[PDB]
Structures are given as C-alpha cells and as structure tokens.
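Undergrad: First, the structure itself, so that you have it in front of you.
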Amino acid sequence: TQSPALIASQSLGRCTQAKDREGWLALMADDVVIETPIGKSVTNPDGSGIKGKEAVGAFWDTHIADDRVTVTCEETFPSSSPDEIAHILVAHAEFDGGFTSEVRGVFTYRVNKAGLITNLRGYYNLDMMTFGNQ
Ligand SMILES: CC(=O)[C@@]1(O)CC[C@H]2[C@@H]3CCC4=CC(=O)CC[C@]4(C)[C@H]3CC[C@@]21C
Ligand code: NA
C-alpha cells in the first residue's frame, strides 16, 4: 500500500513531465497553497505562497507549461503520517530560448483526508540554483 501523500507527490511529477495541465490541477485541493520556494521570489511573489487553484493554474502557465519543467526524485522521507511526506528533488527547466536552470532542495507535501494536495513547500534559494548556456 502506498500512502496518499506518496501517491499524490509522484502523480504530480508525472503530470508535470507530460505537461498535463488539467490532470495536474486535479491532484490539488481548491485551497491549495504552493510555496516554491518558501519566502519572497519570482515564483513566490508575496512570499506567502500561491493560493488557490486559479492562481496555481496561472503559475503553471507562467512557469511550467512552456518551460520544459522536469522534476526528479533523489530521496524520499516518509513521516509517521500517511498525509505528509518529504522529498529531495532536482528541478530542471528550459526558458528564454534554451537557457537552463537547476536546483536541488527539500520539498514537503501535504494532502487532506480526500488525498488532494493542500500544501507544497520548497526549501531552496537563488544561491542553490545553477544556470546554463546551451
Ligand atoms: C522554475 C523554477 O523556479 C523551478 O523549476 C524550481 C523549483 C521548481 C518546482 C519544484 C517543485 C515542483 C514539484 C512539482 O511536482 C510540480 C512543479 C514544481 C512546483 C516545480 C516548478 C518549477 C520550479 C518552481
Ligand atoms: Na516526484
């Protein structure tokens, strides 16, 4: 048996690697809060996270859809709750014509009783990102 948290996190990645916008959003609760990273950033403007399914849809359009985002799991850290889990992820992206970005950080997931994602939080900053010219 896979826990609702692990199923959710892995499903989110598969939908990302296939640019399935609708399937991606269906894995989330209507009150989902995405904080990638935690704190103020271009991917987290006010530093309190992207709140709501509409705003995460916009986030997908702005930062994932045409940016070739792919997430790779390096190590999984289960908790003693089936609804919360942590991963060491490596996120890669391609933008502005072919410029690349890559960062490795801790990502925590949380689902509600129905198993829908309510929280996704990333522990990383700019100094951890690496950029490319090909
Ligand atoms: C462009 C960037 O700054 C990043 O590549 C660096 C951090 C990346 C997160 C990592 C976590 C992840 C998990 C998923 O399964 C869905 C997609 C996201 C949210 C993914 C979006 C692109 C981000 C924001
Ligand atoms: Na994943």
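Just so you know, the sequence shown maps onto residues 1 to 134 in the authors' numbering.
Note that the Cβ used here is the ideal one computed from N, Cα and C, for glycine as well.
#1: Once you ignore the five residues that flank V90 on each side, which residues in its own chain have a CB closer than 7 Å to its CB?
#2: Kindly indicate the opening and closing residues of the beta strand (DSSP E) around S101.
#3: Which residue marks the beginning of the alpha helix (DSSP H) containing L25, and which one marks its end?
#4: Going by beta carbon distance, what residues of the same chain come within less than 7 Å of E94, once the five residues before and after it are set aside?
#5: Which residue's Cα is closest to the Cα of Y124: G57, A5, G52, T108?
#6: Given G13, which residues of its chain have a CB within under 6 Å of its CB, disregarding the five upstream and five downstream residues?
#7: What residue range is occupied by the uninterrupted alpha helix (DSSP H) comprising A8?
#8: State the CB to CB distance for the pair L6 and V56, rounded to an integer number of angstroms; the pair is presumed to be in contact (CB under 8 Å).
#9: Looking only at its chain, what residues have a beta carbon closer than 7 Å to the beta carbon of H63, apart from the 5 residues adjacent to it on each side?
#10: Can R110 and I38 be called in contact, C-beta distance under 9 Å?
#11: Would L126 and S41 qualify as a contact pair, given that the criterion is a beta-carbon distance under 9 Å?
#12: Using 10 angstroms around the beta-carbon of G98, count the other beta-carbons present and answer buried if the total reaches 16, otherwise exposed.
#13: Rounded to the nearest angstrom, what separates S3 and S9 at their Cα positions?
#14: Could you give the first and the last residue of the continuous alpha helix (DSSP H) run that contains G122?
TA: Let me lay it out:
#1: The residue given as residue 90 occupies position 90 in the sequence shown. Closer than 7 Å at the Cβ level, and outside the excluded window around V90, lie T72, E74, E102, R104.
#2: Counting from one through the sequence shown, the residue named residue 101 turns up at place 101. Going by DSSP, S101 is part of the beta strand (DSSP E) stretching over 99-111.
#3: On the sequence shown, position 25 is the one that residue 25 refers to. Going by DSSP, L25 is part of the alpha helix (DSSP H) stretching over 21-26.
#4: Within the sequence shown, the letter at position 94 stands for residue 94. In chain order, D67, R68, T100 place their CB closer than 7 Å to the CB of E94, counting only its own chain and leaving out the 5 sequence neighbours on each side.
#5: Counting from 1 along the sequence shown, the entry for residue 124 is found at position 124. Considering only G57, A5, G52, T108, the residue with the shortest C-alpha distance to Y124 is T108.
#6: Counted from its first residue, the sequence shown places residue 13 at position 13. Result list for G13: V71, in chain order.
#7: As a working mapping, residue 8 is identified with position 8 in the sequence shown. Residues 4-16.
#8: Position 6 of the sequence shown holds residue 6. Position 56 of the sequence shown holds residue 56. Actually they do not touch by this definition, with Cβ atoms about 21 Å apart.
#9: By 1-based counting over the sequence shown, the position of residue 63 is 63. Closer than 7 Å at Cβ, skipping near neighbours: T43.
#10: Translated into the one-based positions of the sequence shown, residue 110 becomes position 110. Translated into the one-based positions of the sequence shown, residue 38 becomes position 38. Contact: no.
#11: Looking up residue 126 in the sequence shown gives position 126. Looking up residue 41 in the sequence shown gives position 41. Yes, the Cβ-Cβ distance between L126 and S41 is below 9 Å.
#12: In the sequence shown, counting from the first residue as 1, residue 98 sits at position 98. By the 10 Å Cβ count, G98 comes out exposed.
#13: Residue 3 sits at position 3 when you count from the first residue of the sequence shown. Residue 9 sits at position 9 when you count from the first residue of the sequence shown. Taking the straight line joining both Cα atoms gives about 10 Å.
#14: Here the question's residue 122 lines up with position 122 in the sequence shown. Premise fails: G122 lies in the beta strand (DSSP E), 117-123, not in any alpha helix (DSSP H).
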